[PDB]
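Engineer: Just one file: target-v8.cif, with mmCIF, C-alpha atoms and all ligand atoms.
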data_start
loop_
_atom_site.group_PDB
_atom_site.id
_atom_site.type_symbol
_atom_site.label_atom_id
_atom_site.label_comp_id
_atom_site.auth_asym_id
_atom_site.auth_seq_id
_atom_site.Cartn_x
_atom_site.Cartn_y
_atom_site.Cartn_z
ATOM 1 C CA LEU A 546 -10.205 -15.490 3.752
ATOM 2 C CA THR A 547 -11.040 -19.082 2.834
ATOM 3 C CA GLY A 548 -9.876 -21.025 -0.198
ATOM 4 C CA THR A 549 -8.193 -24.111 -1.595
ATOM 5 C CA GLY A 550 -4.810 -24.288 -3.284
ATOM 6 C CA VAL A 551 -1.151 -25.252 -3.169
ATOM 7 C CA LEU A 552 1.119 -22.827 -1.321
ATOM 8 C CA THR A 553 4.537 -22.369 -2.942
ATOM 9 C CA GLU A 554 7.497 -20.020 -2.736
ATOM 10 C CA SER A 555 7.190 -16.826 -4.759
ATOM 11 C CA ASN A 556 9.423 -14.245 -6.426
ATOM 12 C CA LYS A 557 6.919 -11.361 -6.411
ATOM 13 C CA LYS A 558 8.416 -8.224 -4.874
ATOM 14 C CA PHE A 559 5.534 -7.150 -2.649
ATOM 15 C CA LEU A 560 5.538 -3.637 -1.253
ATOM 16 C CA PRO A 561 5.274 -3.335 2.583
ATOM 17 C CA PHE A 562 1.628 -2.176 2.568
ATOM 18 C CA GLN A 563 0.651 -4.951 0.119
ATOM 19 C CA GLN A 564 -0.783 -8.111 1.666
ATOM 20 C CA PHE A 565 -2.281 -10.343 -1.018
ATOM 21 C CA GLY A 566 -1.991 -10.598 -4.787
ATOM 22 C CA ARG A 567 -4.363 -10.918 -7.726
ATOM 23 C CA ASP A 568 -3.691 -12.291 -11.227
ATOM 24 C CA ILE A 569 -4.816 -11.116 -14.676
ATOM 25 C CA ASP A 570 -8.264 -12.703 -14.216
ATOM 26 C CA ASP A 571 -8.550 -11.216 -10.622
ATOM 27 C CA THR A 572 -8.218 -14.609 -8.889
ATOM 28 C CA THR A 573 -6.113 -14.330 -5.738
ATOM 29 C CA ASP A 574 -2.647 -15.719 -6.526
ATOM 30 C CA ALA A 575 -0.614 -14.978 -3.382
ATOM 31 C CA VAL A 576 -1.159 -14.085 0.266
ATOM 32 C CA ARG A 577 1.055 -12.826 3.088
ATOM 33 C CA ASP A 578 0.862 -15.060 6.134
ATOM 34 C CA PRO A 579 0.452 -13.474 9.576
ATOM 35 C CA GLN A 580 3.000 -14.035 12.404
ATOM 36 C CA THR A 581 5.871 -14.790 9.984
ATOM 37 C CA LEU A 582 5.128 -12.061 7.330
ATOM 38 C CA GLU A 583 6.289 -14.287 4.441
ATOM 39 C CA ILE A 584 4.650 -14.122 0.992
ATOM 40 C CA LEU A 585 3.213 -17.439 -0.218
ATOM 41 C CA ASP A 586 2.059 -17.987 -3.794
ATOM 42 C CA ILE A 587 -1.317 -19.694 -4.208
ATOM 43 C CA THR A 588 -1.733 -21.928 -7.229
ATOM 44 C CA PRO A 589 -5.137 -23.616 -7.765
ATOM 45 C CA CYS A 590 -5.303 -27.358 -7.179
ATOM 46 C CA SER A 591 -5.232 -29.528 -10.288
ATOM 47 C CA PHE A 592 -8.552 -30.356 -11.926
ATOM 48 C CA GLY A 593 -9.539 -31.715 -15.291
ATOM 49 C CA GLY A 594 -11.884 -33.769 -17.386
ATOM 50 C CA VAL A 595 -12.063 -37.519 -16.732
ATOM 51 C CA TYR B 200 -10.931 5.547 8.567
ATOM 52 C CA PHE B 201 -8.605 8.438 7.752
ATOM 53 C CA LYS B 202 -6.188 7.274 5.074
ATOM 54 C CA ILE B 203 -2.828 9.004 4.615
ATOM 55 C CA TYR B 204 -1.061 8.154 1.359
ATOM 56 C CA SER B 205 2.459 9.499 0.958
ATOM 57 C CA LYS B 206 5.293 9.720 -1.538
ATOM 58 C CA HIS B 207 8.721 11.367 -1.411
ATOM 59 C CA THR B 208 10.325 12.452 -4.676
ATOM 60 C CA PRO B 209 13.807 13.928 -5.258
ATOM 61 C CA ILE B 210 13.191 17.049 -7.341
ATOM 62 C CA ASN B 211 15.304 19.933 -8.605
ATOM 63 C CA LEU B 212 12.633 22.265 -10.006
ATOM 64 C CA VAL B 213 12.831 25.777 -8.586
ATOM 65 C CA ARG B 214 9.277 27.125 -8.398
ATOM 66 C CA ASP B 215 6.286 25.081 -9.610
ATOM 67 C CA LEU B 216 5.230 21.432 -9.434
ATOM 68 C CA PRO B 217 7.272 19.009 -11.565
ATOM 69 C CA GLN B 218 5.567 17.268 -14.468
ATOM 70 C CA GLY B 219 5.724 13.495 -14.213
ATOM 71 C CA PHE B 220 4.183 10.407 -12.663
ATOM 72 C CA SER B 221 4.674 9.167 -9.104
ATOM 73 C CA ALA B 222 2.235 6.834 -7.368
ATOM 74 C CA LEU B 223 1.563 7.533 -3.698
ATOM 75 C CA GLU B 224 2.023 4.542 -1.438
ATOM 76 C CA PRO B 225 -0.459 4.198 1.454
ATOM 77 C CA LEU B 226 1.303 5.235 4.640
ATOM 78 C CA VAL B 227 -1.119 5.314 7.594
ATOM 79 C CA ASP B 228 -4.596 3.820 7.867
ATOM 80 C CA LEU B 229 -5.934 5.687 10.889
ATOM 81 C CA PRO B 230 -8.975 4.569 13.016
ATOM 82 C CA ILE B 231 -10.506 7.875 14.175
ATOM 83 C CA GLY B 232 -14.265 7.674 13.454
ATOM 84 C CA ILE B 233 -14.838 11.442 13.717
ATOM 85 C CA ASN B 234 -16.346 14.118 11.493
ATOM 86 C CA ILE B 235 -13.849 16.255 9.545
ATOM 87 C CA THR B 236 -14.938 19.206 7.397
ATOM 88 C CA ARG B 237 -12.121 21.770 7.736
ATOM 89 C CA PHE B 238 -8.326 21.586 7.976
ATOM 90 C CA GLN B 239 -5.292 23.803 8.542
ATOM 91 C CA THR B 240 -1.595 23.088 7.958
ATOM 92 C CA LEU B 241 1.192 23.878 10.433
ATOM 93 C CA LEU B 242 4.313 25.839 9.481
ATOM 94 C CA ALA B 243 7.515 26.614 11.386
ATOM 95 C CA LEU B 244 8.867 30.073 12.182
ATOM 96 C CA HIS B 245 12.547 31.018 12.209
ATOM 97 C CA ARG B 246 13.764 33.193 15.081
ATOM 98 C CA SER B 247 16.999 35.187 14.993
HETATM 99 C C1 LIG A 601 3.034 -12.016 15.679
HETATM 100 O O1 LIG A 601 2.500 -11.270 14.575
HETATM 101 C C2 LIG A 601 3.136 -9.998 14.375
HETATM 102 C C3 LIG A 601 2.390 -9.308 13.258
HETATM 103 O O2 LIG A 601 1.079 -9.834 13.105
HETATM 104 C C4 LIG A 601 4.617 -10.209 14.065
HETATM 105 O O3 LIG A 601 5.258 -8.944 13.944
HETATM 106 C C5 LIG A 601 5.282 -11.027 15.168
HETATM 107 O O4 LIG A 601 6.621 -11.341 14.801
HETATM 108 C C6 LIG A 601 4.511 -12.323 15.424
HETATM 109 N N1 LIG A 601 5.094 -13.053 16.537
HETATM 110 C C7 LIG A 601 5.267 -14.379 16.532
HETATM 111 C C8 LIG A 601 5.883 -14.967 17.766
HETATM 112 O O5 LIG A 601 4.940 -15.072 15.574
#
Translate the structure described by the file into structure tokens.

Structural biologist:
Amino acid sequence: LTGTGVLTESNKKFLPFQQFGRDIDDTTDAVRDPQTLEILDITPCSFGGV
Amino acid sequence: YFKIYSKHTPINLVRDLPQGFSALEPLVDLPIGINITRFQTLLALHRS
């Protein structure tokens, strides 16, 4: 799974089967990292109009 | 892939199924790759 974003701590209580997370608009918002099993929130990198 | 979804619910109804909502969490994702068309459940006898 490839993508770009900032990985931050999260407070989402994932169930054991659950691996990643999707927001209202269906964009992936969090992922569970292998090896360490932690849940990292994915927030899109800042962009805007110059 | 043979998917087993499971849920355990504490109930106190005597005879029929309870009426309510309970989502089944996925329990086992099983890699078998075989044809299944018929099944049979296993019970336990009591000997005295
Ligand atoms: C390796 O990954 C497994 C699950 O993918 C995990 O249970 C285990 O702790 C990991 N081991 C190390 C040394 O990261």

Engineer: For ligand LIG 601 (chain A), list the contacting residues at 12 Å or closer, counting all atoms listed in the file, as a tab-separated table (two decimals) with C-alpha atoms, keeping the file's coordinate frame.

Structural biologist:
chain	number	residue	atom	x	y	z
A	564	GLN	CA	-0.78	-8.11	1.67
A	577	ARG	CA	1.06	-12.83	3.09
A	578	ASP	CA	0.86	-15.06	6.13
A	579	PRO	CA	0.45	-13.47	9.58
A	580	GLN	CA	3.00	-14.04	12.40
A	581	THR	CA	5.87	-14.79	9.98
A	582	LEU	CA	5.13	-12.06	7.33
A	583	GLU	CA	6.29	-14.29	4.44

Engineer: Kindly provide, as a VMD selection string, the residues of chain B having any atom no farther than 12 Å from an atom of chain A, counting all atoms listed in the file.

Structural biologist: chain B and resid 204 to 205 223 to 228

Engineer: Do you know which residues are at most 10 Å from residue 554 of chain A counting only C-alpha atoms, after dropping those on the same chain fewer than 3 positions away, and could you put them as a list in words?

Structural biologist: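 So, after excluding close chain neighbours, the residues are residues 557, 575, 583, 584, 585, 586 and 587 of chain A.
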
Engineer: One decimal, Å: what's the distance from atom CA of residue 546 of chain A over to atom CA of residue 202 of chain B, could you say?

Structural biologist: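 We find that atom CA of residue 546 of chain A and atom CA of residue 202 of chain B lie 23.2 Å from each other.
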
Engineer: For this structure, which residues satisfy the selection - the PyMOL selection byres (((chain B and resi 200) around 6) and not hetatm) - when it is evaluated on the file as given? I want them as a list in words.

Structural biologist: residues 201, 229 and 230 of chain B

Engineer: Report, in Å to a single decimal, how far apart atom CA of residue 556 of chain A and atom CA of residue 592 of chain A are.

Structural biologist: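 The value is 24.8 Å.
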
Engineer: If the PyMOL selection byres (((chain A and resi 589) around 6) and not hetatm) is run on the structure shown, which residues does it catch, given as a list in words?

Structural biologist: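 Output from the PyMOL selection byres (((chain A and resi 589) around 6) and not hetatm), applied to this file: residues 550, 588 and 590 of chain A.
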
Engineer: Atom CA of residue 576 of chain A to atom CA of residue 203 of chain B: how many Å, to one decimal?

Structural biologist: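 Spanning atom CA of residue 576 of chain A to atom CA of residue 203 of chain B is a straight-line distance of 23.6 Å.
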
Engineer: Name the closest residue to residue 222 of chain B among the candidates B:234, B:206, B:239, B:245; distances are taken between atoms, counting all atoms listed in the file.

Structural biologist: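 That would be B:206, the residue with the smallest distance to residue 222 of chain B.
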
Engineer: Is it possible to get the axis-aligned box enclosing segment 206-219 of chain B (all listed atoms, 4 Å extra per side) as lines of an AutoDock Vina configuration file, with centre and edge lengths in Å rounded to one decimal?

Structural biologist:
center_x = 10.3
center_y = 18.4
center_z = -7.9
size_x = 18.1
size_y = 25.4
size_z = 21.1
